[PDB]
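Q: Handing you this structure, nothing more for now.
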Amino acid sequence: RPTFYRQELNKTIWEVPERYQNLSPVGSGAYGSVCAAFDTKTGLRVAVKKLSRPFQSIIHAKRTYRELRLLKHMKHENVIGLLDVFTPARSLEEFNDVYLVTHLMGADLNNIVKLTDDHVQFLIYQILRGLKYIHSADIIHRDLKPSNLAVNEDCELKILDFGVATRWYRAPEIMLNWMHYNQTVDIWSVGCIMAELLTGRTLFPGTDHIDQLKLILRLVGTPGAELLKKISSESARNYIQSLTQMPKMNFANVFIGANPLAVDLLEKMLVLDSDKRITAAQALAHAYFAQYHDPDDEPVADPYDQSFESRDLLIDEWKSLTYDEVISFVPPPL
Ligand SMILES: COc1cc2ncnc(Nc3cc(NC(=O)c4ccnc(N5CCOCC5)c4)ccc3C)c2cc1OCCN1CCCC1
């Protein structure tokens, strides 16, 4: 039970172990505030997030428990991982604040831009490697986009969720609930990201859900008979057939002058039918990534138990489950 010190910044009490020194605000919003800090135990530079009113409602409490469970399980080089979690509460009774600690990321993908073909290969490779890992434990990101990707000076990437319109990167089946989905909603997003790096521009910059679909269908074409057969909703089916029939464009006439193996991968990623879309694992083995792919260093995750998600609990039960998870936390080795 280490020594805590208090201090105020951004109009909020921070109460942290002495281990963590020199705190400096880096951004706050509805969900939590974040500080950079020096970690006197590893000489490393870290980021500390104070959750905003984590047990105010049933939604907040369950969400707080979800983030903590998730970060405790993720142990992979291309995925954010949990260095430490603490509370200044001595007991469950007085337990009201949660703090999460991770490696301090510098600049996101949004900030670091066009760019070389070798750079795109390496950046997209690392995202897929990280996606193979989380998808293997049935975890879906759902909000993959450049501002959720951290990239340091070595060009090393990590997937995270700081919590660019999201809709610009969203799979059309999730955006509209028009057809069932799987893990490959995130594969759609990656294709939108890769295109952007290849050409310097947002691929599909829609101004609402309808305009977004319009732009997308302009590129991939209206759904064929095969895909139209699996659209569950009657409304959605009508809309689509009531549109004016757009053809599939030739991707080489769109990504003009780009590396042909990347044009090919883009075509396997940006397919409308989600039964046909390439997975993370299959995509690691494509010829675009020949210089990086090693099937013996692209690991999968331990089984992840997410049954809690179907439960309807009271606030005090989620709060108590969170506290347990704080107490059983064992740090990762140096
Ligand atoms: C310099 O600005 C920084 C740096 C940071 N470094 C490290 N961590 C953080 N933020 C952070 C995030 C989290 N949680 C998650 O990342 C999270 C939650 C849920 N799910 C995931 N997954 C889903 C599947 O894939 C794995 C990821 C991740 C926990 C603790 C911390 C500390 C930051 C934050 C940061 O700045 C934030 C504000 N800033 C203002 C300028 C732009 C953004």
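Identifiers in this document derive from the order of the structure tokens: chains are assigned A, B, ..., residues are numbered from 1 separately in each chain, and ligands are numbered from 1 in order of occurrence.
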Return as a ChimeraX atom specification the full set of residues in region 32-281 of chain A whose backbone-based DSSP assignment is helix (DSSP H, G or I).
A: /A:58-73,117-136,146-148,166-169,172-176,185-199,209-220,225-228,234-242,251-253,260-269,280-281
Q: From a DSSP calculation on the backbone, collect every residue of region 127-318 of chain A in strand (DSSP E or B) and output the set as a list in words.
A: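 Strand (DSSP E or B) members of region 127-318 of chain A, listed: residues 149, 150, 151, 157, 158 and 159 of chain A.
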Q: Skipping near chain neighbours, those fewer than 4 positions away, what residues fall within 10 Å of residue 36 (chain A) using only C-alpha atoms, listed as a CSV table (one decimal) with N, CA, C and O atoms, in the first residue's frame?
A:
chain,number,residue,atom,x,y,z
A,20,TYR,N,4.6,7.8,-9.4
A,20,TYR,CA,4.4,8.6,-10.6
A,20,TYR,C,4.6,10.1,-10.3
A,20,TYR,O,3.8,10.7,-9.4
A,21,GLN,N,5.5,10.7,-11.0
A,21,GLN,CA,5.9,12.1,-10.8
A,21,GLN,C,5.7,13.0,-12.0
A,21,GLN,O,5.6,12.4,-13.1
A,22,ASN,N,5.9,14.3,-11.9
A,22,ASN,CA,5.8,15.3,-12.9
A,22,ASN,C,4.6,15.1,-13.8
A,22,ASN,O,4.8,14.7,-15.0
A,23,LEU,N,3.4,15.4,-13.3
A,23,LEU,CA,2.2,15.2,-14.1
A,23,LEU,C,1.9,16.5,-15.0
A,23,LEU,O,2.0,17.6,-14.5
A,24,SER,N,1.5,16.3,-16.2
A,24,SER,CA,1.1,17.4,-17.1
A,24,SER,C,0.0,17.0,-18.1
A,24,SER,O,0.1,16.1,-18.9
A,25,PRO,N,-1.1,17.8,-17.9
A,25,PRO,CA,-2.4,17.5,-18.7
A,25,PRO,C,-2.1,17.4,-20.2
A,25,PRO,O,-1.2,18.1,-20.8
A,26,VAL,N,-2.8,16.4,-20.9
A,26,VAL,CA,-2.7,16.2,-22.3
A,26,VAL,C,-4.0,16.1,-23.1
A,26,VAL,O,-4.0,15.9,-24.3
A,27,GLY,N,-5.1,16.4,-22.4
A,27,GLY,CA,-6.4,16.3,-23.1
A,27,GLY,C,-7.5,15.8,-22.1
A,27,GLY,O,-7.2,14.8,-21.4
A,45,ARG,N,8.2,6.7,-19.5
A,45,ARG,CA,7.3,7.8,-19.6
A,45,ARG,C,6.0,7.2,-19.9
A,45,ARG,O,5.8,6.4,-20.8
A,46,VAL,N,5.0,7.6,-19.1
A,46,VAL,CA,3.7,6.9,-19.1
A,46,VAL,C,2.5,7.9,-19.2
A,46,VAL,O,2.7,9.2,-19.1
A,47,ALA,N,1.3,7.4,-19.4
A,47,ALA,CA,0.1,8.2,-19.4
A,47,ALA,C,-0.9,7.6,-18.4
A,47,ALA,O,-1.1,6.4,-18.3
A,48,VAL,N,-1.5,8.5,-17.7
A,48,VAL,CA,-2.4,8.1,-16.6
A,48,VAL,C,-3.8,8.7,-16.9
A,48,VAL,O,-3.9,9.9,-17.1
A,49,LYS,N,-4.8,7.9,-17.0
A,49,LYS,CA,-6.2,8.3,-17.2
A,49,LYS,C,-7.0,8.2,-16.0
A,49,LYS,O,-7.2,7.1,-15.5
A,101,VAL,N,-3.1,3.1,-16.1
A,101,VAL,CA,-1.7,3.5,-16.5
A,101,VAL,C,-1.2,2.7,-17.7
A,101,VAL,O,-1.3,1.5,-17.7
A,102,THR,N,-0.7,3.4,-18.8
A,102,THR,CA,-0.2,2.7,-20.0
A,102,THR,C,1.1,3.4,-20.5
A,102,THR,O,1.4,4.5,-20.0
A,103,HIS,N,1.8,2.8,-21.4
A,103,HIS,CA,2.9,3.5,-22.1
A,103,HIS,C,2.5,4.8,-22.8
A,103,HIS,O,1.4,4.8,-23.3
A,104,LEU,N,3.3,5.8,-22.7
A,104,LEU,CA,2.9,7.1,-23.3
A,104,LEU,C,3.1,7.2,-24.8
A,104,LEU,O,4.2,7.2,-25.3
A,105,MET,N,2.0,7.2,-25.5
A,105,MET,CA,2.0,7.3,-26.9
A,105,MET,C,2.3,8.8,-27.3
A,105,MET,O,1.9,9.7,-26.6
Q: Quick one: everything within 12 Å of residue 154 (chain A), counting only C-alpha atoms, minus sequence neighbours fewer than 6 positions away in the same chain. Send it as a ChimeraX atom specification.
A: /A:106-107,119,122-123
Q: Nearest residue to residue 302 (chain A) out of A:4, A:31, A:38, A:133, using only C-alpha atoms?
A: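 Closest candidate: A:133.
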